[PDB]
Each structure stands twice: as C-alpha cells, then as structure tokens.
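Report on the following structure.
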Amino acid sequence: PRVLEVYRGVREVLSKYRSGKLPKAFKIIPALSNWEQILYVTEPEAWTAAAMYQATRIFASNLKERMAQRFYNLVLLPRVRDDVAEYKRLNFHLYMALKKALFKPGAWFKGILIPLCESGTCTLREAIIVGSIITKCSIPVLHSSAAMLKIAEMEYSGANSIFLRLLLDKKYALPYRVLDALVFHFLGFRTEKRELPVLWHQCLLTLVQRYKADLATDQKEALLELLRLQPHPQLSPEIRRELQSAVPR
Amino acid sequence: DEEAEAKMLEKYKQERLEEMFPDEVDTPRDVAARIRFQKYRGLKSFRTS
Amino acid sequence: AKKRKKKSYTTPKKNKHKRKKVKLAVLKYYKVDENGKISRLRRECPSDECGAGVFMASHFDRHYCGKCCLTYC
Amino acid sequence: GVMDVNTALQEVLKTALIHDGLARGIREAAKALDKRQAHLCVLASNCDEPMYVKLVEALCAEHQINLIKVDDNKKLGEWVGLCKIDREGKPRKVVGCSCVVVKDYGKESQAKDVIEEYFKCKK
Amino acid sequence: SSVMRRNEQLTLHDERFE
Amino acid sequence: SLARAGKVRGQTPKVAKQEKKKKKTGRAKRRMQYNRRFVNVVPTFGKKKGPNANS
Ligand SMILES: [Zn+2]
C-alpha cells in the first residue's frame, strides 16, 4: 500500500547507487516480519555492486543466521555466478561483499560453499576466487572441519579439490573422523581409471606435508599404494619421500 | 666499530645494485630533476657526439 | 628477460586513526551497595527481542539504544 | 563421593561446551545472568578490582546463584579451552577468563551428583 | 563413518556436526 | 674510435658453478653409457627425442 511507494523509491535508488548514506528503511530490513516481500520489491537483481556489498554488510550485522543463510542462497550466489561467467573476474565491491559474508561463517558455509560445490556446475575460476576468499578469512576450527567433512563426503569434481587444498592450507588441528573421511576419499581414487588433474595431486601433497604426524601405518601404506596405482612423474616422488620421512603420533 | 661493518655491507649492496643495473640513479621526488641534474646533458651517441 | 629496478620510495603510513580503547566499562552499569544490593544507573529497554539485557547510552539530554536504534526525547 | 569437585567442574564445562551453554568473560556473563537463563557463576580469586568481586557476589545473592571461586584466571582459561592447540595439542594462546557462567547442563550421572552434593554440603 | 580409526593418544574436542 | 677490449667478458654477470656429485670415470662411465642407449630402451614410433632435446 503506502509502504510500496517508499520501497519502490529506494528500489530506484539502489539501481543507481554508488556510495553515500543509505535510506534508513533499508537498514531495518532484517527487523521486519515479511522481509522476503520487501526484498522482492527492492529487486535485488537490479542492485549495483556497492549497494549489494552494503546490503550484505547490513544482513550480516543483524544476526539471525537463517535469514542470512537464505539471503546468501537466493541473492548473492546467483549474482556471483552470473558475474564470473560474464566478466571472467570478480568485482572489488562483490569481493568485499563475500568477505563481509564470511564475517558470519555459519551462514556462509551452508549458503555459498556447500551449494556451489554441491551444484556440480562450479567452474575453475569460481573455485579459485572463492577458495582464495576462504584463504583470506580466518575461520573457526570446528566450522572448517565440518566443511572439510562435508566436502570429503560429496562427489568429486575438479573444483572440489581446490577448496579442499585451500582449507588444508589453513593448517589447523583436525578432528580424526575428518581425517578418516579424507583418507577414505583418496582411497576412493584407488581404482579410478579417470586421469586426475594436477590439483588433486597438489591437494594430496599438501595433506602429506601438513598431516603426516597424524597418519597411522595402515593408511600410510594405503596412500603408498595410491601413489603406486596413480603415479605422476614429478609430484609422486615428493609425496613418497614425505611419507617415508614422517613420524606418527 | 659496527658502523664500519654496516658501511661495508652498504657498499656491498651498492656494488650489487651497480652490476645488475649499470648506472640507473633514482630521480628524487623532493628536489626538482632540473636542479639535481643541472650539470647533466644528453648525448646523441657516446662516441660521435 | 630484462629486469626492473623496483624504485624504493619511502612514505610514512604508520600513523592511522584508531578509536580509543575503553577499559573495564562494566563498572558504570551497576552500583553495588555494601549489603549487596544492585542499583541500575542506566535504563533497560522494553524492546521486542533485546529486553532485560541492554542498557542505554546516556547523552547530554536523552537515553539511546544500541541494538534496535530506539528513539526518545 | 567418588570423584572430586575439581574434575566434575571441568566435566560440567565440557558438557556445556558441546551443548553451547557457556557465558565467558564479562558482558555475556553478566547480561545473560540477569535474563534468568543462566544457572551457575564461577569467579577467579586472583583479581585486580575488588568491586568486581562485590558485583559478582551481589549478582549471585540477588538471584540465589551459587558462587564457585577458583584461584587464578589463567588456569580457568586452561580448564575452559580458550587455547589454540597444535596437531599434538600444545597451547600457545594463553587467555584467562574471569566470569564463567553456566547456562545449560549436560545430563550427567557422575559430575552432576558430585556438584549437587557439594551444593547441598555448602548450603 | 569410516573403518580405520585414530586409535591412540587423546581426543581434545568432540566436535559438533549434528 | 670504438675499439673496446674485453667489454662483454668483463661486463657479463658472474654466476658461480653449482656443486654436483662427481661423475663416474673410466669403465663405469662406459657402463652407464651402454645401459642408457641399449638396455632400458623406450618404445617410440619415430624416435624424435635426442639425449639433450629440451622443450
Ligand atoms: Zn541499535
């Protein structure tokens, strides 16, 4: 009714927004009850990059992880997937928007990482950019470990190894069930006849430099058999030498 | 005592930057270039000019 | 290939503005009697969600809320 | 009367750590105490401010909260688990927490019996 | 749930996934 | 006019040699030569790769 004209006006504001102080009606959006209708009136597909960055900042600042979850699932990730496919790179404002979305890790993991790696259509450039965005942000140990376990459980793609390796690069202490799952994953590549990219080999490598102190003898020989069956002229001797130069417990 | 050693290592770094780059001297951004290089002139060729 | 000199140049950016750190701000919220009674110096908001916990910033004339932006005189 | 109070306390802290019922520090420990969603209060005896101890005692007396006193705060940070560990489990992050507030309990048969026995002996 | 197990030397935290 | 002497020899950057293990000399070198060209032969359809063939 009468609020529709105001929200149409701020919709027209957001279509040409570059900077400045936002209208105060936008800053009280997560306090509303029927917020999805208001968001559909504001037309998020027509927002600019800085306006969407400030929208992500507003929704991340106002708690309520489920609303941020549905906002990241419905609005932010389709815009990122559209923007990478067009300009072959991510904008500065949207990069800062995903950083401000990693200001809340719980809504980000279930909202941006897991749907992208579960869709199966994630390209290389999206995977590299997003994994660098995780790499930039300091992350909780339990959250990163659960993301590790979930990525290790799902089906393999060329993108998934990039996230797996870049989460290994954080070098935190890992829960042992997660180590069991990733060992089961790499042993799931024991009998695969598909040719593997260099990213899988590098991910396994960085796993062997970092977590060689927490490898039991059985899985040590299992990864040795994995190196035997799936060799590489350069990286396989490195993993093999790092395996013979490891102390357990 | 250590000042001479620091100067000696500075001389080593100056010699390293003199061999890998022959005669490039940085233009100072505080002093105008026509003042610090007042007495310098350009030659068309070092042999024939 | 041909290498570059990588001109050094100094510029001091060590001085950047930072907000002042308030140490032990829990002291001014409550006043404790010798018997053990608690006196609330600041108003508690009757809001929808952040009630019974959030105290008010005391302006020169007015009290202000810091989670839901509540307005008074 | 089998296992001690100073191990049942870490068991209660752990069961709160899984169940997400710990108000640590100063500000979450105080405002959730006044919301009547909190249950227990633990204070470090090693303190730099005395009216801090007076305020903690006043909060405990106002809402009949049982007060537990431990010697120093760095050991309390070791008890709670506010330390960053290695792969082996070596802490490098030594941060001490002063006000430790227990909101929710884990359903225990050993630590709960001991802590209610100590509370009944105290009161 | 896998088969091979970490066996020895301590579990610091239970970890929450549910 | 012109006529520099030893311009490039004295002007080139001086790089020291690497330290590698000593080569086998004598009959061992001929053994290593023989079991490289006639023993561990690699099957190739046209044999387009030489011993020093790089890139
Ligand atoms: Zn507010």
*Of the criteria (1) part of a loop (DSSP other than H, G, I, E, B); (2) under 30 Å from residue E:17 (Cβ atoms), which one residue D:113 fails*: (1)
_the stretch D:21-49, subset more than 10 Å from every other protein chain (Cβ to nearest Cβ) and more than 29 Å from residue D:107 (Cβ to Cβ), residue surrounded by the fewest Cβ atoms within 10 Å (Cβ to Cβ)_ = D:45
*Out of the stretch D:27-77, which residues are closer than 21 Å to residue C:23 by Cβ, within 11 Å of the chain's Cα centre (by Cα) and of a type in the set (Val, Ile, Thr)?*
none
*Among the residues of the stretch D:81-111, write down those that are crowded, with 16+ Cβ neighbours inside 10 Å and among the acidic types (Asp, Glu).*
none
*Looking at residue C:22, is it outside any loop (DSSP other than H, G, I, E, B) and either under 30 Å from residue A:24 (Cα atoms) or out of contact with any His (no Cβ under 9 Å at 6 or more places or on another chain) (or both)?*
no
*Does the stretch D:59-71 contain at least one residue that is surrounded by fewer than 16 Cβ atoms within 10 Å (Cβ to Cβ), part of a loop (DSSP other than H, G, I, E, B), within 14 Å of chain C (Cβ to nearest Cβ) and of a type outside the set (A, V, I, L, M, F, W, C)?*
yes
*So which pairs qualify, if the first residue must be in the stretch C:4-24 and away from chain B (no Cβ under 14 Å) and surrounded by 10 or more Cβ atoms within 10 Å (Cβ to Cβ), the second must be hydroxyl-bearing (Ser, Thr, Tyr) and not in a loop (DSSP other than H, G, I, E, B), the Cβ gap must be under 9 Å, and the two must be at least 6 apart or on different chains?*
C:24/D:52
*Which of the residues spanning the stretch A:33-65 are farther than 24 Å from residue A:3 by Cβ and among the charged types (D, E, K, R)?*
A:65
*Residue check: is residue A:145 of a type in the set (S, T, N, Q), within 14 Å of chain E (Cβ to nearest Cβ) and touching a helix residue (DSSP H, G or I) at 6+ places or on another chain (Cβ under 6 Å)?*
yes
*Which members of the stretch A:77-114 meet the condition of being in a helix (DSSP H, G or I) and exposed (fewer than 15 other Cβ atoms within 10 Å of the Cβ)?*
A:78, A:82, A:85, A:86, A:87, A:92, A:106
*So, of the residues in chain E that are more than 7 Å from chain A (Cβ to nearest Cβ) and surrounded by fewer than 10 Cβ atoms within 10 Å (Cβ to Cβ), which turns out to be farthest from residue D:10 (Cα to Cα)?*
E:3
*Spot the failing condition for residue D:117; the list is (1) surrounded by 14 or more Cβ atoms within 10 Å (Cβ to Cβ); (2) over 20 Å from residue D:25 (Cβ atoms); (3) not basic (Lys, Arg), and only one is missed.*
(1)
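Among B:36, B:16, B:29, which is closer than 22 Å to residue C:3 by Cβ, surrounded by 10 or more Cβ atoms within 10 Å (Cβ to Cβ) and without any contact (Cβ under 8 Å) to a residue 40 or more places away in the chain?
On the way: B:36 fails: closer than 22 Å to residue C:3 by Cβ; B:29 fails: closer than 22 Å to residue C:3 by Cβ.
Residue meeting the stated conditions: B:16.
Table: residues versus (1) under 20 Å from residue D:57 (Cα atoms); (2) over 19 Å from the mean Cα position of the chain (by Cα); (3) within 13 Å of the ligand (Cβ to nearest atom).
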residue: C:21; (1), (2), (3): no, no, no
residue: C:34; (1), (2), (3): yes, yes, no
residue: C:40; (1), (2), (3): yes, no, no
residue: C:47; (1), (2), (3): no, yes, yes
residue: C:51; (1), (2), (3): no, no, no
residue: C:56; (1), (2), (3): no, no, yes
residue: C:59; (1), (2), (3): no, no, no
residue: C:67; (1), (2), (3): no, no, yes
_Filtered residues of the stretch A:213-234 (kept if buried (at least 19 other Cβ atoms within 10 Å of the Cβ) and touching an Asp or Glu at 6+ places or on another chain (Cβ under 8 Å))_ = A:230
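Can you tell me which residues in the stretch D:23-39 are part of a loop (DSSP other than H, G, I, E, B) and without any contact (Cβ under 8 Å) to a residue 40 or more places away in the chain? Write out each step before concluding.
Our first condition is that a residue be part of a loop (DSSP other than H, G, I, E, B); within the stretch D:23-39, this holds for D:26, D:32-39.
Those that are part of a loop (DSSP other than H, G, I, E, B) and without any contact (Cβ under 8 Å) to a residue 40 or more places away in the chain: D:34, D:35, D:36.
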*Search result, residues across the stretch A:34-47 that are surrounded by 16 or more Cβ atoms within 10 Å (Cβ to Cβ) and either assigned to a helix (DSSP H, G or I) or touching a residue at least 40 places away in the same chain (Cβ under 8 Å) (or both)*: A:35, A:38, A:39, A:44
*Qualifying residue in the stretch A:161-173 (condition: closer than 27 Å to residue D:90 by Cα and within 14 Å of chain E (Cβ to nearest Cβ))*: yes
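Neighbour counts are summed over all protein chains in view; Cβ atoms, including those assigned to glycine, are modelled from backbone coordinates with ideal geometry. Laboratory data are not the source of any read-out in this text; all were calculated from the coordinates shown.
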